[PDB]
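**Q** Next up is a structure, given as structure tokens.
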Amino acid sequence: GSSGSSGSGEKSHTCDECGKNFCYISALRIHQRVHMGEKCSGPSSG
Ligand SMILES: [Zn+2]
């Protein structure tokens, strides 16, 4: 019974969709638009 949630990445927001990098999260969101496709009724936010 011990918590083992380690987090190792980068100080910069990385797109889990492709693996890009964006200093400002705001930018990432704008880029994510390129991934938007598998949605017809916007089930989840993003
Ligand atoms: Zn991406």
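Every chain in the structure tokens takes a letter, A first, then B, and so on in the order presented; its residues are numbered from 1, and the ligands are numbered from 1 following the presented order.
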What lies within 10 Å of residue 22 of chain A using only C-alpha atoms, ignoring chain neighbours under 5 positions off, as a PDB file with N, CA, C and O atoms, in the first residue's frame?
**A**
```pdb
ATOM      1  N   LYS A  11       9.107  20.921 -18.810  1.00  0.00           N
ATOM      2  CA  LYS A  11       8.460  22.150 -18.364  1.00  0.00           C
ATOM      3  C   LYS A  11       7.599  22.744 -19.473  1.00  0.00           C
ATOM      4  O   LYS A  11       6.908  23.742 -19.269  1.00  0.00           O
ATOM      5  N   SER A  12       7.644  22.124 -20.649  1.00  0.00           N
ATOM      6  CA  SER A  12       6.869  22.594 -21.791  1.00  0.00           C
ATOM      7  C   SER A  12       5.733  21.627 -22.112  1.00  0.00           C
ATOM      8  O   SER A  12       5.912  20.410 -22.080  1.00  0.00           O
ATOM      9  N   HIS A  13       4.565  22.180 -22.424  1.00  0.00           N
ATOM     10  CA  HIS A  13       3.399  21.366 -22.752  1.00  0.00           C
ATOM     11  C   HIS A  13       3.640  20.559 -24.023  1.00  0.00           C
ATOM     12  O   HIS A  13       3.975  21.114 -25.070  1.00  0.00           O
ATOM     13  N   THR A  14       3.469  19.244 -23.925  1.00  0.00           N
ATOM     14  CA  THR A  14       3.670  18.359 -25.066  1.00  0.00           C
ATOM     15  C   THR A  14       2.358  17.715 -25.500  1.00  0.00           C
ATOM     16  O   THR A  14       1.593  17.222 -24.671  1.00  0.00           O
ATOM     17  N   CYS A  15       2.104  17.722 -26.804  1.00  0.00           N
ATOM     18  CA  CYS A  15       0.884  17.137 -27.349  1.00  0.00           C
ATOM     19  C   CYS A  15       0.957  15.613 -27.334  1.00  0.00           C
ATOM     20  O   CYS A  15       1.791  15.015 -28.014  1.00  0.00           O
ATOM     21  N   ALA A  27      -1.116  27.644 -27.026  1.00  0.00           N
ATOM     22  CA  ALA A  27      -0.701  27.243 -28.364  1.00  0.00           C
ATOM     23  C   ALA A  27      -1.075  25.791 -28.644  1.00  0.00           C
ATOM     24  O   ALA A  27      -1.639  25.475 -29.693  1.00  0.00           O
ATOM     25  N   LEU A  28      -0.757  24.912 -27.701  1.00  0.00           N
ATOM     26  CA  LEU A  28      -1.059  23.491 -27.846  1.00  0.00           C
ATOM     27  C   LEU A  28      -2.524  23.281 -28.213  1.00  0.00           C
ATOM     28  O   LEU A  28      -2.842  22.534 -29.139  1.00  0.00           O
ATOM     29  N   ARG A  29      -3.413  23.947 -27.483  1.00  0.00           N
ATOM     30  CA  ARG A  29      -4.845  23.834 -27.732  1.00  0.00           C
ATOM     31  C   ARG A  29      -5.173  24.166 -29.184  1.00  0.00           C
ATOM     32  O   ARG A  29      -5.961  23.473 -29.828  1.00  0.00           O
ATOM     33  N   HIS A  31      -3.201  23.949 -31.741  1.00  0.00           N
ATOM     34  CA  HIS A  31      -2.650  22.907 -32.600  1.00  0.00           C
ATOM     35  C   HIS A  31      -3.510  21.648 -32.545  1.00  0.00           C
ATOM     36  O   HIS A  31      -3.715  20.981 -33.559  1.00  0.00           O
TER      37      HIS A  31
END
```
**Q** Enumerate residues in contact with ligand 1: an atom-to-atom distance of at most 6 Å, counting only C-alpha atoms and all ligand atoms. Format the result as a ChimeraX atom specification.
**A** /A:15,17-20,32
**Q** Would you mind exporting C-alpha atoms of the selected residues as a JSON list (two decimals), in the first residue's frame?
**A**
```json
[["chain", "number", "residue", "atom", "x", "y", "z"],
["A", 15, "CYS", "CA", 0.88, 17.14, -27.35],
["A", 17, "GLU", "CA", -1.71, 13.29, -29.81],
["A", 18, "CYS", "CA", 1.49, 13.53, -31.85],
["A", 19, "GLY", "CA", 4.22, 14.59, -29.44],
["A", 20, "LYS", "CA", 4.77, 18.24, -30.33],
["A", 32, "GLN", "CA", -4.84, 20.15, -31.17]]
```
**Q** Report the distance between atom CA of residue 41 of chain A and atom CA of residue 16 of chain A in Å, rounded to one decimal place.
**A**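 The value is 21.7 Å.
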**Q** DSSP says alpha helix (DSSP H) for which residues of chain A? Put them as a VMD selection string?
**A** chain A and resid 25 to 32
**Q** A:4, A:10, A:33, A:24: which is nearest residue 46 of chain A, counting only C-alpha atoms?
**A**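 Closest to residue 46 of chain A of all the choices is A:33.
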**Q** If you run DSSP over the backbone, which residues in chain A end up strand (DSSP E)? Put them as an MDAnalysis selection string.
**A** chainID A and resid 13:14 21:22
**Q** For a test of reading the model, state the distance in Å between atom CA of residue 37 of chain A and atom CA of residue 21 of chain A, rounded to one decimal.
**A**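 Separation of atom CA of residue 37 of chain A and atom CA of residue 21 of chain A: 20.6 Å.
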